[PDB]
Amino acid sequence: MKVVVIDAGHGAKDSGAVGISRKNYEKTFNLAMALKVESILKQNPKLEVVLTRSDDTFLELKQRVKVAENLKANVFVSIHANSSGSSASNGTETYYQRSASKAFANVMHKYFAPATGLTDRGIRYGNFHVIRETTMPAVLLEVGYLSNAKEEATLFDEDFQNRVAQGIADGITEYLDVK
C-alpha cells in the first residue's frame, strides 16, 4: 500500500502558537486535525496512514522526519496553525521546500484551501526542517491564524475541522490516485 505520514506539529512541552484568546494551543489543533485526517484516510484500504504523534507527546523535528524516511512514506503532511504579531493577519497557506514536493503542494492546496474557506494565501516556499529533510513529497500546512480572534475560534470549531480534514484527506487521496 501507499504510506501516508501525518505530522501534527509541536506537542507536549512545545505548545506551538498560543491563540489570542490565550485559551487554545496550536499543538491541540494540530493533533485534532491529524486524528481526523487519519480517521478519514483509514477507510481507504489502498493507504497505510501513520501519524508521527497521536497524543500530546514531544517529538524533535529530526524524529518526525526519520519516521517518514524509515517507513518510506509516499507523502508527508505536517499540520500547523499560524501566528502573527498583528491580530489582523489571516488566511490559509501551504508550504513546500523541494521541487519534488511542488506537484503535491499544488494538488493538496486545490482541495485543502477551499475547505478552510479562509483567505487563500496560496502555496509558498518554506525552509522548514520537516519538509526539507524529507525525501518524499512533503508539505506543511498552516491552516489559519490563531492570532486572529475570529479565525482562532473558527480553527477550534468542530465543523470547520471536519470539513478541512476532509479537504486535506482529498489532497492526499487525489495526489496518490487511490480514489
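One-based numbering along the sequence shown.
For the pair 64 to 72 and 149 to 157, the mean B factor over Cα atoms is greater in 149 to 157. Once the C-alpha B-factors are averaged per stretch, 18 to 26 and 160 to 168 rank with 18 to 26 first.
Annotation for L47, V143, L35, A138: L47 ranks highest, by Cα B-factor. Note on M1, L176, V4, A8: the highest value goes to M1, judged by CA B factor as recorded.
Per the deposited record, the Cα B-factor of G117 falls in the highest third when ranked against the other modelled residues of its chain. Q97: CA B factor in the lowest third of modelled residues in this chain (values from the PDB entry).
Sorting the modelled residues of the chain by their CA temperature factor places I123 in the middle third. Ranked against the other modelled residues of its chain, the C-alpha B-factor of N82 as given in the entry falls in the middle third. Split the chain's modelled residues into thirds by C-alpha temperature factor. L59 is in the highest one.
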